[PDB]
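Colleague: sequence unknown, structure follows:
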C-alpha cells in the first residue's frame, strides 16, 4: 500500500512543477479577465 | 513567451502599449511557488518514509 502511495507521489511530484506555471499565470494575468476569457486563456495555455 | 504573445493578441491591444510587466512579475512569482512546493514535497516524502 505504501509502495502504491510512493508511485502516486512520484507522479504528483512531476505534476506539481507543471502546475506551478498555471498558478503563477493566474496570479499575474487573470485578475482583470472575465470568467469566459479566463476559460479561453486556460485552454490556450493548457495546449 | 508564447502565452504572453497570445495574451496580448486576445486582450486586443493593437500597437505598442505592451510592456513586459506581466512577464517579469509572473516569472518572479514562479520561483516562489516552485520553491515552496518543493520544500513541502520533500517533507511529505520524508514523513511517509518515517
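Modeller: Sure thing, it's come through. Numbers count the residues shown, from 1 in each chain, chains lettered A, B, ... in the order given.

Colleague: right, is stretch B:15-26 up against chain A?
Modeller: Yes. Stretch B:15-26 reaches chain A (C-beta under 8 Å from any C-beta of the partner chain) through B:22, B:25-26. Placement of C-beta: from N, CA and C, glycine included.

Colleague: start and end of that stretch, how far apart?
Modeller: Taking C-alpha to C-alpha, to the nearest Å, stretch B:15-26 runs 23 Å from one end to the other.

Colleague: got the contact list for it?
Modeller: The contact list for stretch B:15-26 (C-beta atoms under 8 Å, 6 or more residues apart in numbering or on different chains) reads A:24-25, A:27-29, B:1, B:4, B:7-8.

Colleague: so which of the residues you listed belong to helices?
Modeller: Assigned to helices by DSSP state H, the following of the contacts of stretch B:15-26 qualify: A:24-25, A:27-29, B:4, B:7-8.

Colleague: need the buried ones from these selected in ChimeraX.
Modeller: ChimeraX command restricting the ones in helices among the contacts of stretch B:15-26 to the buried ones, with burial defined by 16 or more other C-beta atoms under 10 Å in any protein chain shown:
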select /A:24,25,28,29 /B:4,7
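
Colleague: which SSE is the residue most central in space within chain A in?
Modeller: The residue lying closest to the centre of chain A (C-alpha atoms, centre = their mean) is residue A:19, at 3.2 Å. Taking DSSP states H and E as the definition, one finds residue A:19 inside helix A:2-29.

Colleague: buried residues, that helix. List them.
Modeller: A:16, A:20, A:23-26, A:28-29.

Colleague: same for chain B: which of the residues you listed are within range?
Modeller: Counting by C-beta under 8 Å from any C-beta, the members of the buried residues of helix A:2-29 near chain B are A:16, A:20, A:23-25, A:28-29.
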